[PDB]
Amino acid sequence: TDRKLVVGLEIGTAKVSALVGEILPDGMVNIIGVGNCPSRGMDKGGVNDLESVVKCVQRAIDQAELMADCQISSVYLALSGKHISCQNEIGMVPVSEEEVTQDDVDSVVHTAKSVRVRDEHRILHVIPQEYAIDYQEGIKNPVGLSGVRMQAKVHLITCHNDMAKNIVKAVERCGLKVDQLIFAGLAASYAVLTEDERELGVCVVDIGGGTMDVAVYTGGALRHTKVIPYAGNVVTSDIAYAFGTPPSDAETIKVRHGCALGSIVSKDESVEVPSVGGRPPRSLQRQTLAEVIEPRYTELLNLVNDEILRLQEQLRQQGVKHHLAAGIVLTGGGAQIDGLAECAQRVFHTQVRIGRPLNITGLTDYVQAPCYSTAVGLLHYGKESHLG
Ligand SMILES: Nc1ncnc2c1ncn2[C@@H]1O[C@H](COP(=O)(O)OP(=O)(O)O)[C@@H](O)[C@H]1O
Ligand SMILES: [Mg+2]
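Taken in order, the sequence shown gives residues 17 to 404; the numbers are from UniProt numbering.
Dropping the structure here:
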């Protein structure tokens with residue numbers, strides 16, 4: 017008769033995004049409300065001023081609430097940060113009456129997640145990877161099948177206990193309930209990935225301001241989750257230091273004229289820059305600016321490439337699919353720079369594409385930017401939370 021709504025909120029380093037979407041019978045999300053606000057009160061270490069973030073959240077909430085003609089009461093909250101980690105466990109149970117029932121599934125996943133976890137961490141996501149019923153490896157939906165012993169591979173995403181307290185207080189002080197805390201990198205791949213790319217094998221890199229969220233899917237299952245604490249802010253620091261310009265201006269010139277490949281930028285495109293110390297403005301070439309951006313971006317993607325390969329090795333020792341036939345998907349705000357899909361192709365030596373949010377309709381023009389990957393992914397994750 018009506019409409020099922022899902023609202024996602026991302027309190028980022030520079031933007032606070034609130035998205036309102038309808039669940040359609042398709043499985044697509046009809047985005048009917050957008051809310052943007054400059055994220056005031058958050059360092060990269062986290063929240064430094066609660067009252068500022070409360071006004072920021074309710075501002076973004078009020079705009080999307082009015083644009084959608086609804087009443088937001090609960091949200092799906094994103095969560096980024098340095099102290100996010102992962103681990104993989106393996107459980108095994110005797111199959112009840114030699115036919116896999118739901119209680120068989122629930123206990124083997126329970127015995128996998130009931131393990132010692134990284135010092136000062138709690139389980140944020142319990143994601144089963146695949147099941148093995150009597151040496152039929154790689155089973156996704158195993159309920160109903162026959163067998164004696166069943167193995168389950170479960171992927172655990174863990175986070176520090178306190179790293180969410182501030183942003184939960186911020187949202188709760190706006191009269192809103194937190195439906196669930198979602199890892200930002202997880203929601204990102206929910207938005208930019210197709211299901212066949214997970215089957216073929218892919219690696220998503222959510223490139224924000226302070227973190228690079230990396231997820232690796234092989235054989236249709238999430239294999240790895242890694243947070244690298246170096247992103248677009250380190251690139252901005254290079255421009256501010258290599259040219260002697262305020263970081264507020266180094267951020268402007270990077271988004272306005274930056275490029276990850278000095279190979280493709282012309283020699284006659286010249287940019288102007290305000291200098292520090294009240295000293296006269298300087299004039300540099302777009303190519304020279306790209307010659308500063310390229311070494312850092314290459315170094316960052318090599319950190320991801322180094323993480324992909326050593327994971328691929330350990331997967332080879334375990335007899336699990338490992339090849340990334342779908343390639344690399346770079347997403348996030350830091351992935352929107354020119355020439356990046358080409359700079360990454362020289363690093364990973366495979367197909368690279370810049371992914372935007374998928375599977376959406378309505379106000380798609382407002383959230384089609386790769387920086388909206390996490391925000392849209394909160395809508396899809398919450399949609400899957402409903403139908404289940
Ligand atoms: N057109 C662009 N070119 C290069 N970098 C960009 C561009 N747009 C945004 N960025 C970078 O992306 C980062 C912000 O991405 P975002 O996903 O909003 O961060 P977070 O996930 O931490 O909130 C900033 O560091 C910014 O410099
Ligand atoms: Mg982002």
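For every residue, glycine included, the Cβ atom is placed at its ideal position computed from N, Cα and C.
Under the three-state DSSP convention, the category residue i falls into
i: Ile353; result: coil
i: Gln167; result: strand
i: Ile255; result: helix
i: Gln145; result: strand
i: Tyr151; result: coil
i: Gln103; result: strand
i: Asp78; result: helix
i: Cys275; result: strand
i: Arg214; result: helix
i: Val194; result: strand
i: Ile269; result: helix
i: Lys156; result: coil
Inter-residue Cα distance where the pair is residue i and residue j
i: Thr17; j: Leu403; result: 16 Å
i: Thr227; j: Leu300; result: 29 Å
i: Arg326; j: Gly28; result: 30 Å
i: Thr268; j: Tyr92; result: 31 Å
i: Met179; j: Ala256; result: 30 Å
i: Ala128; j: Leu305; result: 50 Å
i: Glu146; j: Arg19; result: 33 Å
i: residue 431; j: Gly225; result: This structure gives no information on residue 431, because the portion of the chain shown stretches from 17 to 404.
i: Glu105; j: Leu172; result: 8 Å
i: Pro158; j: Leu374; result: 28 Å
i: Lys98; j: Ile88; result: 30 Å
i: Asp229; j: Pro41; result: 31 Å
i: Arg302; j: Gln367; result: 27 Å
i: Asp254; j: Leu340; result: 32 Å
i: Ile47; j: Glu323; result: 35 Å
i: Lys31; j: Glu81; result: 17 Å
i: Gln118; j: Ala168; result: 13 Å
i: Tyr397; j: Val36; result: 13 Å
Cβ-Cβ distance between residue i and residue j below 9 Å
i: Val170; j: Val133; result: no
i: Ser55; j: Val69; result: yes
i: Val23; j: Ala34; result: yes
i: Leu140; j: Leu95; result: yes
i: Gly371; j: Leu346; result: yes
i: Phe364; j: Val392; result: no
i: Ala247; j: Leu202; result: no
i: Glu26; j: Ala207; result: no
i: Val251; j: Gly274; result: yes
i: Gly260; j: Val292; result: yes
i: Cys219; j: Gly343; result: yes
i: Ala237; j: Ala204; result: no
i: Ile39; j: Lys399; result: yes
Limits of the beta strand (DSSP E) - the one that residue i falls within
i: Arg326; result: No beta strand (DSSP E) contains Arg326, which is instead part of the alpha helix (DSSP H) from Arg302 to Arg332.
i: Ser33; result: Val32 to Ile39
i: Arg132; result: Neither: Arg132 is in no beta strand (DSSP E) and is coded neither H nor E.
i: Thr390; result: No beta strand (DSSP E) holds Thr390; the alpha helix (DSSP H) holding it covers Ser389 to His402.
i: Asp284; result: Where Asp284 is concerned, there is no enclosing beta strand (DSSP E), given that its DSSP letter is neither H nor E.
i: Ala247; result: Careful: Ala247 lies outside any beta strand (DSSP E) and carries neither H nor E.
i: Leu21; result: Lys20 to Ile27
i: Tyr382; result: Run containing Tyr382: none; DSSP gives neither H nor E here.
i: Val230; result: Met228 to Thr234
Continuous alpha helix (DSSP H) stretch holding residue i: start and end
i: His365; result: Neither: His365 is in no alpha helix (DSSP H) and is coded neither H nor E.
i: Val111; result: Looking at the DSSP string, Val111 is not in any alpha helix (DSSP H), and its letter there is neither H nor E.
i: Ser96; result: First-last for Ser96: undefined, no H or E at that position.
Do three or more CB pairs link the stretch 330-338 to the stretch 347-362 at distances below 8 Å?
-> No: the two stretches stay apart, fewer than three of their Cβ pairs being nearer than 8 Å.
If we count Cβ pairs, one from each stretch, closer than 8 Å, do we get three or more for the stretch 185-196 versus the stretch 66-83?
-> Counting Cβ pairs under 8 Å, three or more are found: they touch.
Stretch-stretch touch, CB-based, cutoff 8 Å, three pairs: the stretch 276-289 with the stretch 355-362 = Three or more beta-carbon pairs drawn from the stretch 276-289 and the stretch 355-362 are found closer than 8 Å, and the two stretches are therefore classed as touching.
Three CB pairs or more closer than 8 Å across the stretch 191-198 and the stretch 147-154 = The stretch 191-198 vs the stretch 147-154: no contact.
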